[PDB]
Structure formats: C-alpha cells, structure tokens
C-alpha cells in the first residue's frame, strides 16, 4: 500500500503510516509566481493501493486534492482511495434557497470520478454519501473519544442540540454513563433551553460532544447555560476543531477544557483517530 499525506493532514497521516509501517508519501509542493499550485509525486506508485489523506475544506485543500488525483494518474495504480478526515462543504448538502449550489454534491461527484472509494470521519449529515458513485464510507471517532474519557471523571455526556444525539448515546453507552441533550430555541429575541431528559446538573461533571466547532457559538452558549445551573466541570469535545476567531475563548469562558481529534490539527488535538482510519484501510 502507499499512503499519501497531503499538507492539511500531515500529523494524522504520519500517525497512520507509522502504525501501518509504511512511508507517508508527501508531495513536492509549491506555488508558481502567478499563484497556481504545483505538486509532484516522484515515487513510483505503480501497482499499489493508494490512500490519499487530506481535508477537503479550504480552497487550497480542494486544489491539492484535485491536482493529486491527476498526478497519480501518471501511474498504473491498483486502486485509488480518498480519505478526507474532515470533509468540506458537508454543511451545504442541499439547496436551502433557489439558485444555491449543492456544494457537497458536485464536489463528491468530482472526487468520485477519479477514485475507487471515498471515506471521511464523522461527515456532517450522511445525505452527502449518496452523491458518490463509488462507495463513500462514514468513519467514526467515537471509540477514540471513549478511550480518552475513560480516565476522566464524567457524570453525563451531553449533546449541545437535538441532532448530535446518536453519537452522544453511543459514547455514553461505551463510557457507562447517562446522557442528555439540550434543545435551544429563540422565541421572539429571547432564548429558551430545555434539557432532555430534564437532568439535574447541579454539581455534576459534564462532557459536551459535537461534530464540528467553527465559531463555537453553539457549544459556548450551552456550556454557559450548564455552568449557570451549577455544573461543577465542563469538558468540550468535537471531532473537527476548526476554531475560527475567536471560538476557543468564547468556549473557555464557561468550559474547563477542550479536546478535539487530529482530523483538523490544532493545539487542542488531544485525541487521535489514527486507529479508526487504519481499520478502514486494513479492511479496504
């Protein structure tokens, strides 16, 4: 097998390659003076199953993935398999107003045209998997998150909204903990929040889990609500830590700690999903 490690995913891809006892093949990569992207893979990938590892979220990341898909065509490879730890544009998986792109659709179509398989970790909404002509697998960071928190004192696992439920139910089951979610709504400028079930959080230690942290607004608000109700400790976890200015400070206003995975590498990437990806590769 050959593991290609793209710029966005050097850390995770390296962890993966080492575990698999194989080279993390990186491109030679630079920008031409006019700003166009240049890539080169001088290693002979002929006859190998190739696993390209890189996020598909920024303009640059998309260009890096597309041009990689072209570069590898120089070789008669056994198969080409895309693994995008964080899959970009998953949030635009339908048209929400007329004349909008279904961004995740056209992009998945493109990737699927040039590969034999696609996989990502905890895609936002699985609708997008249906846009691929090749098998598109949704991998899960659950076990890695459970591994981390087995050595932490936790009373409840909590979803910040009424949508992150399945993940929180699975994670809590594996930790042997109870769980609940927070339903937040705005009714005429004023905010209303319901705990379901209506758990007493007074003096309790809470692990809040979500899939993505962007602006952090969603998790920051719920953390503040729970702190207000007497939570003794709040841990914040997400799979994909984007942390756009200035999410970390909003969250840490009321939460004690932030721990995300290495799908998107940051100072808070304390939980690696390498094992989950290796399983997929081993079986693919």
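Positions refer to the first chain, counted from 1.
- Higher mean CA temperature factor, per the PDB entry, when comparing 189-197 with 123-131: 189-197.
- Per the PDB record, of the two stretches 213-221 and 31-39, 213-221 carries the greater mean B-factor over its C-alpha atoms.
- Annotation for 163, 101, 88, 85: 163 ranks highest, by Cα B-factor.
- Note on 57, 229, 240, 259: the highest value goes to 229, judged by CA B factor as recorded.
- In the deposited entry, the Cα temperature factor of residue 159 sits in the middle third of values across the chain's modelled residues.
- Residue 140: CA B factor lies in the middle third for its chain, per the PDB record.
- Residue 175: CA B factor in the lowest third of modelled residues in this chain (values from the PDB entry).
- For residue 4, the recorded CA B-factor ranks within the middle third of the chain. Only modelled residues enter the ranking.
- The entry lists a Cα temperature factor for residue 146 that places it in the lowest third of the chain's modelled residues.
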